[PDB]
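Some notes on the structure that comes next.
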Amino acid sequence: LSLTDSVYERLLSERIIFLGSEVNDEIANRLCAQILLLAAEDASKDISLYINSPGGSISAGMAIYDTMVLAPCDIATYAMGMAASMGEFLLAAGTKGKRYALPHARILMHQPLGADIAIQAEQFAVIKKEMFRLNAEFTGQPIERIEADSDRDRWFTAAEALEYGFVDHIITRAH
Amino acid sequence: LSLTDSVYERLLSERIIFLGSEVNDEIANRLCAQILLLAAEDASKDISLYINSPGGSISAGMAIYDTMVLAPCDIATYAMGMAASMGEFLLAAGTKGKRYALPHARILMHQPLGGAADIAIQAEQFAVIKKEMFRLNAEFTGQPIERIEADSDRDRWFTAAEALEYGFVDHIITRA
Amino acid sequence: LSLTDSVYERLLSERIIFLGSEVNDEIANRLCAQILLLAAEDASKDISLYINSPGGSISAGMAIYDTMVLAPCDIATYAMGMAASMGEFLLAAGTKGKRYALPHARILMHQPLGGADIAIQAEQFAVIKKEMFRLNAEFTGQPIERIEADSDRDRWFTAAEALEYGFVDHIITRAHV
Amino acid sequence: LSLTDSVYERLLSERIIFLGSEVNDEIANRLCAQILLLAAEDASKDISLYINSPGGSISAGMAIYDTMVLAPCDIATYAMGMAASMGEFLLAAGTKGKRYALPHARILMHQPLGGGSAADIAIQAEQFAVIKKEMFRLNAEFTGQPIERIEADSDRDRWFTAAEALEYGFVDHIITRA
Amino acid sequence: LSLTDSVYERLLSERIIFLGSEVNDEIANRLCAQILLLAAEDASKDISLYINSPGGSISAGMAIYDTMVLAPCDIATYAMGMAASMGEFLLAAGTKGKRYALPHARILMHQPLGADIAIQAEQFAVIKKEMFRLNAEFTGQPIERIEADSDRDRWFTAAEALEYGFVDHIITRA
Amino acid sequence: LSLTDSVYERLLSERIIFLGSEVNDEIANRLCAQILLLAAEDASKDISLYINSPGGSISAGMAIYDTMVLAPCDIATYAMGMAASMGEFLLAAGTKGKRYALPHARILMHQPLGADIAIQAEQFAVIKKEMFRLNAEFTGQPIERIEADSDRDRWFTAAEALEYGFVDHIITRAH
Amino acid sequence: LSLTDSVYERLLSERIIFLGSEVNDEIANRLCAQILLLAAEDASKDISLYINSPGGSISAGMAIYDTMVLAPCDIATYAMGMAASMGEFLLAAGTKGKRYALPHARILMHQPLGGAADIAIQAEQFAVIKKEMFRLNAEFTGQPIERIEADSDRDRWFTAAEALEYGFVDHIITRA
Amino acid sequence: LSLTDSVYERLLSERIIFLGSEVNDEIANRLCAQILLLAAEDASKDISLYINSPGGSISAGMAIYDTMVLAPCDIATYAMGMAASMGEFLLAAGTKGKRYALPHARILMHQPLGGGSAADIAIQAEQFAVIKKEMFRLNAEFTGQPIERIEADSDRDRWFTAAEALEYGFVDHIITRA
Amino acid sequence: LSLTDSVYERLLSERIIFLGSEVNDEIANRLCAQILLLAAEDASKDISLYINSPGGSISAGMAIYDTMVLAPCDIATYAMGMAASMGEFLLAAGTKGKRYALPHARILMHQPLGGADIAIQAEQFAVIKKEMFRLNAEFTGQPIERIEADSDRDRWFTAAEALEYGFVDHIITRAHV
Amino acid sequence: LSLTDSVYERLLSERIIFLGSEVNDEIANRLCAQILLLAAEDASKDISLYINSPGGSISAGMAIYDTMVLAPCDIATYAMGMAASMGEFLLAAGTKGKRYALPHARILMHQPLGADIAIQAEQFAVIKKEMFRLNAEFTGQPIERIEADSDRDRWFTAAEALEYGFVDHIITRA
Amino acid sequence: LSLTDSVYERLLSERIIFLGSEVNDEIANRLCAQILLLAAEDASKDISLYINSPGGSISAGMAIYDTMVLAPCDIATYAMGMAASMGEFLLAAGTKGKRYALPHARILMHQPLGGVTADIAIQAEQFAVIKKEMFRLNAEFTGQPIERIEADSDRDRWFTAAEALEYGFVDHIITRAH
């Protein structure tokens, strides 16, 4: 094991997980695995997910999301550096009241563009619509607004994000 | 040891196994090994197999399946992200009543194309195991063999709900 | 240590060995090492060898076989996925009564091509080849003529057909606790 | 595990962390991870951050900083070899009174120009402008200098000796002996 | 862990650290880390630094030096094989009375050649001058002589080094 | 220049072109370039296209096809070893009466599966339908039959291909 | 010299140029060089530019465009396979009346995202050239600036016929 | 251009082509290209094909053969070093009366087992079966041997000396001197 | 020979030279070589230098410049895409009256960071830097203070703005036969 | 084209070919190609083969030999540096009276060690025996002596080679 | 051949050679080859050597020089960009009266350290000899005392075009178009 993996492992022991890279099937599987592991170890204690990701595939993020909801314990989400696309989604998907943003974090909305191609298109259409739905639900905004803002790649500061409904807190001082 | 391998091992200690990549001989051997290991450690406790695989070779999947059936303990299967081809097969091959799907999981059917031996022999074997795959798939889902082939042919895919209806899984777990 | 190697080691602790790749000198050395180790640790307890191999070199497989026979403990063999060429040989070489096949396992017979001075190599191959046929016949209880004949035409077997032919003694669907 | 990583881990057990390379997302994530870990292990005990870095991206350094402010415990900063750009920022961002400089340390100011993610150049420019202004503001706050002087000095890449740094307001002490 | 790192770690447990390669930012950080660790573990017990290095960047060696002085415990230095440029500097920077040289060690003096280039030049000039000053302080020689000998890359045997003022002892046996 | 390129160049001088690899944008561009070159050099003399390709992307093959039709001179097509997917299409797209098949050539029909994904799907749908149309036109078979046979990956011998309508001749002897 | 380069050179001798890859500084420089070369060789004879490009950088394309306009001779453009982003721009930038499209060519509109200098400056420049691109695109097609931006925004694409109608090209050449 | 390619090209000018490696699609395409070229240049003059190949895929060799039959000119074949599998086939496929063997050439029969394109194994098996049968047929036609003997000898990898090959019917002459 | 190199050579025959990449010692050597070659071939005929470069090292650009001035023939410069840093310098260094800019060309001013003994390198850079500012001022007809000031803030120009500032003498949309 | 290939081609124009590396299928094909080319160009003019090779596979050398005999023109062989195994064979296989050796050339004899292995063994046995036979024919020595000397890897100087029968002349000057 | 090699070759036809990289055995051999070639082609016509080199090995540069002196024709040297160490040496080694410097050229003196590559003692010996020879010849070229050459070489003294002309490295500063 390397130092980085060691720190992440010791953090895992403290029920702290990181999403600091692009969201894909591999990272998703690992993240899902960690959530399942922590859920198995103790289902009563919260899990803290710190996010600094440019986002990625919808399917991967949705797998992560399902695994999050599957976990009985609360999952606190932290916008650490950047939450874009699915990073933003997973951030907002955090347990209500335990979604935090760091003062200079940046939340980006973005409409991802994503076997038989027709089948892939079908699946993508379905899961995309669902993401917009859930995003609207998380933020409490209209779906029309989610889609509209996603289209024009609207981005938010910590404050703007707090206002919009992505997070519940801004950690300006001594968490 | 890496972080990834460490969590997977710690999960293995919790009798949780993952199929998060394409199915081949290597992954099959590893998966079979894990199943045998857990079966050896404790034959009374369930095994949880989480599936997020695009599928792969029939022979590999069948080896996994045999090892699953071989294990005395029940094997609960979870459609986590995507269960395609053999991912779908292994999902449906789980102990009945303990086959789960997550809300946004996707189940894809597909008839594989297969592909140091004579080509004729390989063709023969593939034909056999393919026919057998369809049979077992029909058995798992409770659908007619004709419908399995028909849907497999046109690469039919299912949502979590549609999959539950078709007979791939027994439950859709929103929360645990 | 890797996840895979960890599982194999943890399995080794359960006296379970794997042959999931082509048979060569390296795999042979490794398998033989494992057999000797388990035999050294405890010579009274069985060893379980699970086979999913396309086969390989005769000399390598024969080395494994010799090491198997050398081991005092019984060696139970399981046709897990595929047992081709030396995979089939090592499968059939298991302790009689403890050779198992899983329902969808496939046993393939095949006459290897083999391949120092070429004349010497040829001599050795002829010898070891003949000996393989002999032992294969002995394992299965078939005539040597039938072994060679079937080997020539790359005859393959299902679990049932293999059980009948004499490669294995059981077809196990499920294991008891 | 390597010797280096072993020393860093054993140091981590002593609540001592290092920033000895250029600041980027990976180093930031790792550093933030370490701070969160130490904060989780014990929120009452100080953390010592030793800095010998040429600096780097603003966003990364700000992420480290945000994580520093997040940590309940005090964070003591040490200018070990060189604190340039964000190295200087994170140095000055240390808990007031526990910001140290080694006798021959060098503090360099510098305005990064940023610049390559999967996004529109206009958006990147906007974000950079905001965080840049925020850096200047906080730097001014840390040093107690006017924002104009921070910008002015950053433009001309002003650098400081340990003494000059102490005077300017980057650090509170110059630790010759311990 | 490898054998080498294992031996070095086991040595670290014995409060023995090595400088057996060129001095750069990486080696500096690692060495400084080790010193801080040992200082943290026990501030009363000495640290033994064995040196066999061709030297390197001044800034790095200075970082090491600052960390050395920062450590409360005494730091004994050993010229094991070769102490050149900053190897010599760190050697002479050892706790007075605890600077040792092995019988066939060789001490080399050398003037290293070393953002905007002007700034880098400024800094280098400063640290260079400071390096000469401290070297003079360590050896007890005039600054003029340090520069003079540094210019012509003067080298010393163990005896010549002992005489010059780099080390305090020549230890044939422990 | 290498020997292979030299032979192909000397063949180009004889107005002979080869398609012996997968059809993609690069190969398409090169092939199109060669057709345009030969068309420029002499618009009255035929061009001979020898095909031994596993096929490839529809868009590429359609570009090749357009460039073929664009060329004023007749383009004779030869099924040399294997004409699959677009190899088959380009074979059948040859000038009527000058489409040849070698005795042991093999013609495979196959339905390819193939920016914003929806857009890609749209484009693919259009060009796919068009391919079926043109294929039906070339072979003189119903579109229903083209689609049906394409679906089940029907393959043809030289004789079966001659019967089906892919080619006009089988070169059994001394062309 | 390779076969590919040889045919392209022999084509160059026939005053035929290709844009068959993504547009960047390198390809731009090469293309500009070829245009200047042909213009130098003969300023009275047309140049034929065949386009099969997914597009690319605006700056690169604009450099090509300036070099096109700089050339005294007419430049006929052919949409061979695909003209996206700057491919579409350069297609429409051809001499009016000599802009051709092949029957199954596809024209895609798209507003690029752009991306050793200050980011603010790069943003400024990009804004300028982008606005200019839209202007010239409107000029080429004869469409309103608003419609160009609007369609560019939603990644509108055209068939050969639709492209002819919109104003990208003047003819659809089935046969020559 | 390399020396080797230069010699091969200068040889091509003399209507002499080589098959000195295993037979695959690339070598086949290249060889077919050469035959078509020589046929285009002059359809009245013979082509000399010198063979020293271990053989290879049936489809490739058959493609070469089809291209040979397509060529109007006679194709003289020379067993230079070794003609195995399809090397033997292409050797025997030469124009009758102009099939030569060098004194120490070796002709090996062998039934390839084929086997990895983007297609279904069943289809590949079908195609292979057909072309295999076709090979045996044509081989029998070339040598004037019964199909059963061709299959029988192929099974047991029968090999021939120059004399034995001449007798069997692979070649028409053994060229000691020229 | 490649297609690209062939076109550049064929262009070289037309006395047309390209600067389409960053300015460094290699590109400098190559450009200087080309200039000397064309000057050697014919010293009476103009040389046309087309520029699309992000700039680079001062010393390299100065070497090119010296070689330009060395050439007896006039050197016509064209801002084709971008002329930044030394690209701008070499653009403005063209023969007066023969410095052209294409309509959408962009000229960027920029003060390089430069980067043997460091003190010596610093000295040399200071000298050559000052000299660059001087020559840039001379080319454009602007005050040195204005050049330094604008260089500091990375001022950039459109074709029109550049024509006004004094970098070029013409804005050419189209060329006559 | 490179300088080396250019010189070899220009030599080819002078009907001079080289064997300066180990003998294998590739070198064999190339050499055979060159011989056929020269034979095609002019069947009346000699071909000069200069040999400096450590030898190699028998089958390859035999292919070369067959092609040599096939060529109607005489083939003069030159032992330039070293003729070992099949280098020696091809040397001795030269046209009688036109087999030359340079004063410090060395001729080495050697028994090479060389689908189904049995078949390969059969073929090797055949070609090996044939190689000994032809070698005996070339040198005019008994087959028993060829095998005997081949077994113990006997080597010859230019003189010893001339005496043994490998070459017909030792050319100090042309 | 590439464009760069083509222009250099075309330049070679104009009797113009380049030294635009560090001096080593390979570059030395190539330059020596070029000089010998030009000398062979025409021994009456001058050769123009343009220098933009950071210098390098003494032995290599000395080989170039020996080859320069060997050439009957005059060799004009041009300090194009940088003439350091042996670049400076070869520059000053040009034919007297035909040594030119470009207006912004820079000539750097430097005492090489040589170093290891047989017995170290021999290598040291050889280096000592040739080093002394360099200083001697440099003094001869510039017309300066050897003591001053060594003294200035020691402290890495550098010159502008004017300073170089004054010192004696070159005979002219070519601003205009000769």
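Labeling convention for the structure tokens: chains A, B, ... as they appear, residues from 1 per chain, ligands from 1 in order of appearance.
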Quick one: residues within 8 Å of residue 175 (chain H), only C-alpha atoms, excluding same-chain residues fewer than 2 positions away - as a PDB file with C-alpha atoms, in the first residue's frame?
ATOM      1  CA  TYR H 100       9.205 -26.777 -60.376  1.00  0.00           C
ATOM      2  CA  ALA H 101      10.901 -28.040 -57.224  1.00  0.00           C
ATOM      3  CA  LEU H 102      14.461 -27.309 -56.161  1.00  0.00           C
ATOM      4  CA  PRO H 103      16.568 -30.417 -55.392  1.00  0.00           C
ATOM      5  CA  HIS H 173      10.086 -31.050 -62.763  1.00  0.00           C
ATOM      6  CA  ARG H 177      20.738 -27.007 -63.245  1.00  0.00           C
ATOM      7  CA  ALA H 178      19.186 -24.217 -65.340  1.00  0.00           C
TER       8      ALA H 178
ATOM      9  CA  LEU J  70      20.103 -22.977 -60.049  1.00  0.00           C
TER      10      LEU J  70
END
- Item | Shell around region 4-11 of chain J at 7 Å using only C-alpha atoms, local window under 5 positions removed, as a PyMOL selection string | (chain H and resi 2-3) or (chain J and resi 16-17)
Save out the residues we just selected, N, CA and C atoms, as a PDB file, in the first residue's frame.
ATOM      1  N   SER H   2      14.182   0.095 -48.945  1.00  0.00           N
ATOM      2  CA  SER H   2      15.266  -0.688 -48.360  1.00  0.00           C
ATOM      3  C   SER H   2      15.924  -1.515 -49.455  1.00  0.00           C
ATOM      4  N   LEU H   3      17.051  -2.144 -49.140  1.00  0.00           N
ATOM      5  CA  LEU H   3      17.722  -3.002 -50.105  1.00  0.00           C
ATOM      6  C   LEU H   3      16.806  -4.159 -50.482  1.00  0.00           C
TER       7      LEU H   3
ATOM      8  N   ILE J  16      28.047  -8.078 -57.129  1.00  0.00           N
ATOM      9  CA  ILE J  16      28.682  -8.478 -55.879  1.00  0.00           C
ATOM     10  C   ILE J  16      27.639  -8.506 -54.767  1.00  0.00           C
ATOM     11  N   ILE J  17      27.516  -9.654 -54.108  1.00  0.00           N
ATOM     12  CA  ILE J  17      26.548  -9.837 -53.034  1.00  0.00           C
ATOM     13  C   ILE J  17      27.269 -10.233 -51.750  1.00  0.00           C
TER      14      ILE J  17
END
- Give me the residues within 6 Å of residue 22 (chain F) as a list in words, counting only C-alpha atoms and dropping any in the same chain fewer than 3 places off. residues 53, 54, 55 and 56 of chain F
Take the residues from that selection and write them out as a CSV table (one decimal), in the first residue's frame, keeping N, CA, C and O atoms.
chain,number,residue,atom,x,y,z
F,53,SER,N,-12.3,-6.8,-47.5
F,53,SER,CA,-12.5,-6.0,-46.3
F,53,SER,C,-13.6,-6.6,-45.4
F,53,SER,O,-14.6,-7.1,-45.8
F,54,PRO,N,-13.3,-6.6,-44.0
F,54,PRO,CA,-14.4,-7.0,-43.1
F,54,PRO,C,-15.5,-5.9,-42.9
F,54,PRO,O,-16.4,-6.2,-42.1
F,55,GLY,N,-15.3,-4.8,-43.6
F,55,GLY,CA,-16.3,-3.8,-43.5
F,55,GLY,C,-16.0,-2.7,-42.5
F,55,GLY,O,-14.8,-2.6,-42.2
F,56,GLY,N,-17.0,-2.0,-42.0
F,56,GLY,CA,-16.7,-1.0,-41.0
F,56,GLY,C,-17.9,0.0,-40.9
F,56,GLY,O,-19.1,-0.3,-41.0
Chain B residues near chain A (8 Å cut-off, only C-alpha atoms) as a PDB file with N, CA, C and O atoms, in the first residue's frame:
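What ended up in selection_5.pdb:
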ATOM      1  N   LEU B   1      -0.645  -4.518  -1.130  1.00  0.00           N
ATOM      2  CA  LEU B   1      -2.092  -4.473  -1.299  1.00  0.00           C
ATOM      3  C   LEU B   1      -2.536  -3.045  -1.593  1.00  0.00           C
ATOM      4  O   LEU B   1      -2.019  -2.100  -1.000  1.00  0.00           O
ATOM      5  N   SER B   2      -3.492  -2.890  -2.505  1.00  0.00           N
ATOM      6  CA  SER B   2      -4.019  -1.573  -2.851  1.00  0.00           C
ATOM      7  C   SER B   2      -5.296  -1.268  -2.079  1.00  0.00           C
ATOM      8  O   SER B   2      -5.850  -2.142  -1.411  1.00  0.00           O
ATOM      9  N   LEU B   3      -5.758  -0.025  -2.174  1.00  0.00           N
ATOM     10  CA  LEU B   3      -6.992   0.385  -1.518  1.00  0.00           C
ATOM     11  C   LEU B   3      -8.161  -0.433  -2.048  1.00  0.00           C
ATOM     12  O   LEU B   3      -8.948  -0.983  -1.279  1.00  0.00           O
ATOM     13  N   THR B   4      -8.259  -0.506  -3.371  1.00  0.00           N
ATOM     14  CA  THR B   4      -9.329  -1.240  -4.032  1.00  0.00           C
ATOM     15  C   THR B   4      -9.362  -2.696  -3.588  1.00  0.00           C
ATOM     16  O   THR B   4     -10.411  -3.218  -3.217  1.00  0.00           O
ATOM     17  N   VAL B   7     -10.496  -2.948   0.215  1.00  0.00           N
ATOM     18  CA  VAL B   7     -11.933  -2.872   0.465  1.00  0.00           C
ATOM     19  C   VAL B   7     -12.624  -4.148  -0.012  1.00  0.00           C
ATOM     20  O   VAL B   7     -13.528  -4.653   0.653  1.00  0.00           O
ATOM     21  N   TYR B   8     -12.202  -4.663  -1.163  1.00  0.00           N
ATOM     22  CA  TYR B   8     -12.772  -5.896  -1.692  1.00  0.00           C
ATOM     23  C   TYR B   8     -12.484  -7.072  -0.762  1.00  0.00           C
ATOM     24  O   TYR B   8     -13.328  -7.950  -0.588  1.00  0.00           O
ATOM     25  N   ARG B  10     -11.839  -6.767   2.587  1.00  0.00           N
ATOM     26  CA  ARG B  10     -12.635  -6.491   3.776  1.00  0.00           C
ATOM     27  C   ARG B  10     -14.101  -6.814   3.513  1.00  0.00           C
ATOM     28  O   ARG B  10     -14.817  -7.258   4.409  1.00  0.00           O
ATOM     29  N   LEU B  11     -14.543  -6.590   2.279  1.00  0.00           N
ATOM     30  CA  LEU B  11     -15.885  -6.983   1.867  1.00  0.00           C
ATOM     31  C   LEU B  11     -16.009  -8.497   1.820  1.00  0.00           C
ATOM     32  O   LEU B  11     -17.029  -9.062   2.217  1.00  0.00           O
ATOM     33  N   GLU B  14     -16.824  -9.864   4.846  1.00  0.00           N
ATOM     34  CA  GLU B  14     -18.241  -9.671   5.133  1.00  0.00           C
ATOM     35  C   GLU B  14     -19.099 -10.540   4.214  1.00  0.00           C
ATOM     36  O   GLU B  14     -20.316 -10.368   4.148  1.00  0.00           O
ATOM     37  N   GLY B  20     -17.805  -6.549 -11.272  1.00  0.00           N
ATOM     38  CA  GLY B  20     -17.889  -5.200 -11.799  1.00  0.00           C
ATOM     39  C   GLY B  20     -17.192  -4.998 -13.128  1.00  0.00           C
ATOM     40  O   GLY B  20     -16.907  -3.865 -13.516  1.00  0.00           O
ATOM     41  N   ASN B  52     -22.312  -5.557 -11.627  1.00  0.00           N
ATOM     42  CA  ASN B  52     -22.289  -4.405 -12.513  1.00  0.00           C
ATOM     43  C   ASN B  52     -21.381  -4.722 -13.688  1.00  0.00           C
ATOM     44  O   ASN B  52     -20.296  -4.155 -13.822  1.00  0.00           O
ATOM     45  N   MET B  80     -26.637  -4.023  -9.518  1.00  0.00           N
ATOM     46  CA  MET B  80     -26.218  -2.748  -8.957  1.00  0.00           C
ATOM     47  C   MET B  80     -26.266  -1.623  -9.983  1.00  0.00           C
ATOM     48  O   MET B  80     -26.872  -0.577  -9.740  1.00  0.00           O
ATOM     49  N   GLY B  81     -25.619  -1.843 -11.121  1.00  0.00           N
ATOM     50  CA  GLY B  81     -25.559  -0.844 -12.172  1.00  0.00           C
ATOM     51  C   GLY B  81     -26.103  -1.374 -13.481  1.00  0.00           C
ATOM     52  O   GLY B  81     -27.065  -0.839 -14.030  1.00  0.00           O
ATOM     53  N   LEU B 102     -31.382  -2.799  -7.874  1.00  0.00           N
ATOM     54  CA  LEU B 102     -31.440  -1.422  -7.405  1.00  0.00           C
ATOM     55  C   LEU B 102     -32.282  -0.605  -8.382  1.00  0.00           C
ATOM     56  O   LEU B 102     -32.329  -0.921  -9.570  1.00  0.00           O
ATOM     57  N   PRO B 103     -32.942   0.454  -7.881  1.00  0.00           N
ATOM     58  CA  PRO B 103     -33.985   1.188  -8.610  1.00  0.00           C
ATOM     59  C   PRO B 103     -33.636   1.581 -10.044  1.00  0.00           C
ATOM     60  O   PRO B 103     -34.526   1.565 -10.896  1.00  0.00           O
ATOM     61  N   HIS B 104     -32.381   1.937 -10.299  1.00  0.00           N
ATOM     62  CA  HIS B 104     -31.980   2.410 -11.621  1.00  0.00           C
ATOM     63  C   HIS B 104     -31.037   1.436 -12.314  1.00  0.00           C
ATOM     64  O   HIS B 104     -30.305   1.812 -13.232  1.00  0.00           O
ATOM     65  N   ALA B 105     -31.054   0.186 -11.869  1.00  0.00           N
ATOM     66  CA  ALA B 105     -30.288  -0.863 -12.523  1.00  0.00           C
ATOM     67  C   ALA B 105     -30.903  -1.164 -13.882  1.00  0.00           C
ATOM     68  O   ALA B 105     -32.082  -0.894 -14.108  1.00  0.00           O
ATOM     69  N   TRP B 157     -33.872  -4.910 -23.482  1.00  0.00           N
ATOM     70  CA  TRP B 157     -33.364  -4.478 -22.186  1.00  0.00           C
ATOM     71  C   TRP B 157     -34.511  -4.081 -21.262  1.00  0.00           C
ATOM     72  O   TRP B 157     -35.604  -3.742 -21.719  1.00  0.00           O
ATOM     73  N   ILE B 173     -34.939  -3.127  -4.228  1.00  0.00           N
ATOM     74  CA  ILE B 173     -34.615  -2.573  -2.915  1.00  0.00           C
ATOM     75  C   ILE B 173     -34.262  -1.089  -3.004  1.00  0.00           C
ATOM     76  O   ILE B 173     -33.175  -0.713  -3.437  1.00  0.00           O
ATOM     77  N   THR B 174     -35.205  -0.245  -2.604  1.00  0.00           N
ATOM     78  CA  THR B 174     -34.961   1.189  -2.531  1.00  0.00           C
ATOM     79  C   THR B 174     -34.107   1.500  -1.306  1.00  0.00           C
ATOM     80  O   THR B 174     -33.163   2.284  -1.386  1.00  0.00           O
ATOM     81  N   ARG B 175     -34.436   0.869  -0.181  1.00  0.00           N
ATOM     82  CA  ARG B 175     -33.710   1.082   1.068  1.00  0.00           C
ATOM     83  C   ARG B 175     -33.513  -0.230   1.821  1.00  0.00           C
ATOM     84  O   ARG B 175     -34.329  -1.146   1.713  1.00  0.00           O
ATOM     85  N   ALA B 176     -32.425  -0.306   2.583  1.00  0.00           N
ATOM     86  CA  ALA B 176     -32.085  -1.505   3.343  1.00  0.00           C
ATOM     87  C   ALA B 176     -32.234  -1.261   4.841  1.00  0.00           C
ATOM     88  O   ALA B 176     -32.648  -2.150   5.587  1.00  0.00           O
TER      89      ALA B 176
END
- Task: Considering only C-alpha atoms, state which residue in the set H:73, H:28, H:86, H:156 is at the smallest distance from chain C.
- Result: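 Closest to chain C, using only C-alpha atoms: H:156.
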- Quick one: pick out all strand (DSSP E or B) residues within region 2-172 of chain H from a backbone DSSP run and write them as a PyMOL selection string. chain H and resi 16-19+23+47-53+56+75-84+99-101+106-108+159-160
- Task: Write out as a ChimeraX atom specification every residue belonging to chain J that has an atom at most 10 Å from any atom of chain H, counting only C-alpha atoms.
- Result: /J:1-2,4-9,12,25-38,40-41,43,59-73,115-116,119,122-123,126-127,130
- State, in Å with one decimal place, the distance from CA of residue 131 (chain K) to CA of residue 149 (chain K).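 Separating CA of residue 131 (chain K) from CA of residue 149 (chain K) is a distance of 11.8 Å.
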- Within 8 Å of chain F, which residues of chain A show up when using only C-alpha atoms, listed as a PyMOL selection string? chain A and resi 113-118+121
Take the residues from that selection and write them out as an mmCIF file, in the first residue's frame, keeping C-alpha atoms.
data_model
loop_
_atom_site.group_PDB
_atom_site.id
_atom_site.type_symbol
_atom_site.label_atom_id
_atom_site.label_comp_id
_atom_site.auth_asym_id
_atom_site.auth_seq_id
_atom_site.Cartn_x
_atom_site.Cartn_y
_atom_site.Cartn_z
ATOM 1 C CA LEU A 113 -24.123 13.776 -23.771
ATOM 2 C CA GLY A 114 -23.304 10.149 -22.957
ATOM 3 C CA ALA A 115 -24.286 -2.719 -27.885
ATOM 4 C CA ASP A 116 -26.750 -1.239 -30.379
ATOM 5 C CA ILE A 117 -26.621 2.563 -30.582
ATOM 6 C CA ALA A 118 -30.415 2.860 -30.564
ATOM 7 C CA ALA A 121 -29.815 6.132 -26.827
#
- Contact residues around region 167-171 of chain K with only C-alpha atoms at 8 Å, ignoring same-chain residues under 6 positions, as an MDAnalysis selection string: chainID K and resid 88 91:92 96:101 141:144
- Within 10 Å of region 57-69 of chain C, counting only C-alpha atoms, which residues qualify if same-chain residues fewer than 6 places away don't, as a ChimeraX atom specification? /C:22-36,39,47,75,85-87,89-91,93-95,111-115,124-125,128-129,131-132
- Item | Expected answer as a list in words: chain K residues within 12 Å of chain E, only C-alpha atoms |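 Filtering chain K at 12 Å from chain E with only C-alpha atoms gives residues 113, 154, 155 and 156 of chain K.
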Saved selection, atoms kept: C-alpha atoms, as a PDB file, in the first residue's frame:
ATOM      1  CA  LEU K 113      35.774  19.958 -17.026  1.00  0.00           C
ATOM      2  CA  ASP K 154      37.908  30.572 -15.178  1.00  0.00           C
ATOM      3  CA  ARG K 155      35.242  33.164 -14.346  1.00  0.00           C
ATOM      4  CA  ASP K 156      33.131  32.327 -17.411  1.00  0.00           C
TER       5      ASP K 156
END
